[PDB]
Structure formats: C-alpha cells, structure tokens
C-alpha cells in the first residue's frame, strides 16, 4: 500500500538527455531510469543500515548494484554502431573544412534558418541518423525495464525485512547513518558551487555569441560556417535549457533534503511512519543525484561546444571587423 516509485507512464523519447563532454564523444541518459535505479539503490542501503546487525550486507548490495550497472550499460551499448554513425555526421556539420592553418586566409565560397545547400544535405542525414538512435533506444525499452524491475525487486525485498525492537517507536539510525555517509558529501559539494552564476555566465555567452552571429549572417549569410554556428548555437541553447531545468531541481532539493533530514534524525516513529519517510527521502535523494550528475555533464558539453564556437569566430575575425554594408566574396 506504500508509495513505491513506479516506471513512468510517459513517452520515453521525451525524457532522454544527450551528452558530448568532449569531441568525438556522445552519450545518452534515460532520465526516469537513472532516477528509478538511484531510488532503489538508496532504499537498499536504508534497509540494511536500520539494524546495527545488518551493516555487513553492504558488500552484497555493492556487488548487486555494480552488476545492474554493467547489465544496463550492456543494453545501451547495442546502439553503439548507430551512435558512432551519428558522431561521424556531427563531425561533418561542425568541421566542414580545417580552420587551423593561421597562414591561410582562404575564403571557401566554393562550398556549395539555414541557407547553405551542402550543409542542408548533411543536416537531413543528421535528422535521420538522430531519429534512428532514438528508435534503437526505444526498441531496447523492455530490456531496460527488465533490469529496472530486478533493481526494484531487490530493494523492495530488503525493505520488507526491515524490523524494529518496538513498532511503536522505531529508530532512525539508518536514515542518519546513510545520509552522513552517502548524501552529506554531495550536499556540501553543491553548496560550495554557485549554480546561479554558472547560468548567468552561460546566458551571456549565448546572447553575446548571438550578436556575433547576427553580424556574420548580414555580411556572409550563405557561408558554410554560418550554418555551422547556427547549428552549434541551437545545440548550446537546448543544452542551457536543460542545465537551467536541472539547476532548479538541485537548488530546491538541497534546501528540502537539509530540512527533511532535521525532521527525521535522533527521534522515533511508529513503523508505518518510519517506512513512508524512508520512501520519501529516497525520492528526494534520487531526484537530487540525477540532476547534479546531468548538470555536471551538460555543463561540460556546453563548454566543449563553446570552445569550438569561439575558434570559428576567431577564424572569421576579418569579416567580424569589416565595415557595415562592406561584404566579403559574394557567392552563388
């Protein structure tokens, strides 16, 4: 009858975050899955740390969690060839020609809200290649559910074995111990970070780079690197929107966990009340952990793209400096 975390009644494809921490690398996270696996991970430690006599069960729990991690990562690796095929296409869209020869002032008018015909051809491939990856993840859904259910069944079995000296006044040492050893470190790590300042700095990058794009678009327009910038800028906007979503959660859950933990330690509860509060803390930690994990990787992706974006603008420094209504080689 207890409120246990269930598998989403949502349409999977809408809850996937794509990460690109460095060049030549792409990965994905099915958000509900990560939250679900993390939820039951906390439920498992809370169940074995309740009684001072079951602390020794941690190695078995650690082994099982590591197994689930391997098994889950094995299913997601079934989409590797197809994911690698997407990476090759992104490589083409982001690097249409080499911009590394500083002793080369070459204007690529020869190639051919996008305009460039050759970029538009590479873009349609990207749309198909991306759509295929989502279909591959959607096609392996049941295999992902099977693993999620095995983690659910394990956590729930441990939780059913939780027992008190007197059901009228159950102890909360498990909640205290687990927090202190598994959660508290993460809370302090978040609290040492200025997440809102990170958002301000990203907002400025996006708005300032948009002005540089507006300038280039007016002078060049049809140039392949203009579409490349339009492509990187749009990706950076989605990335930022995701960081903003996760930051809101991180900030909320930091306050809630700190407040809720104070209401739960160094006191007793009737068994029923104890179990409901373990399920509720597990929910707060899973949501907080999922978002800090994603935020960190999305932050890395944003700056990986920004570094390239900055290199393209530096490559087009001559046109950026050029006078209003003055234009470089016009193309057709």
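Residue numbers count along the first chain shown, from 1.
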property: Residues of the deposited sequence that sit between residue 113 and residue 112 yet are not modelled; result: 10 or more
property: Average Cα temperature factor in the PDB entry - higher stretch of 43 to 51, 59 to 67; result: 59 to 67
property: Between 147 to 155 and 164 to 172 (mean CA B-factor, as deposited), the higher; result: 147 to 155
property: Criterion, highest CA B-factor; candidates, 142, 247, 209, 258; result: 142
property: Top residue by Cα temperature factor, when 237, 262, 78, 230 are compared in the entry; result: 78
property: Third of the chain's Cα B-factor distribution that residue 197 belongs to, per the entry; result: middle
property: Residue 18 CA temperature factor, ranked by third within the chain; result: middle
property: Third of the chain's Cα B-factor distribution that residue 188 belongs to, per the entry; result: middle
property: Entry-reported Cα temperature factor of residue 314, expressed as the chain third it lands in; result: middle
property: Residue 120 - Cα temperature factor, lowest/middle/highest third of chain; result: highest
